[PDB]
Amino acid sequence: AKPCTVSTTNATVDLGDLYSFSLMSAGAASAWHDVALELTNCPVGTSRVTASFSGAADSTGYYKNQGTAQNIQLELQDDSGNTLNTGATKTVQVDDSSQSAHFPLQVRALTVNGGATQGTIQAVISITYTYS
């Protein structure tokens, strides 16, 4: 099927400042932060959009922090609590009243094993769309 227009080229999640004091214990984490991916002007005949997610993972399975803080990871979920680690896909239905599609996702930082250290948090997740 024909591709939609990708309205969301770029989407930034600002997790703010986390404190090593607060991230001493395993499983400590930031709040979830919403991030949306939007597609518009889907051709007639396009009824489903699949997003494929890719980014560097560490040995915890979650996304690697590519900033300087150690012992912290990034987690991407859908709207329903499902983890979308690298290689995951998600499919949504095109809304035929507007011929648009959306991916309501959420991101947080977490220290899987505890002991996050001072430094930056930086990560990027690439999305490729397929259509049917």
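One rule holds for the numbers: they count along the sequence shown, beginning at 1.
When the mean C-alpha temperature factors of 70-78 and 24-32 are read from the deposited coordinates, 24-32 comes out higher. Stretches 82-90 and 44-52 differ in mean CA B factor, with 44-52 having the higher one.
In this structure the maximum Cα B-factor among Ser59, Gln99, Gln106, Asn65 is found at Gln99. Residue-level temperature factors show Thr12 in the middle third of its chain, judged at the C-alpha atom.
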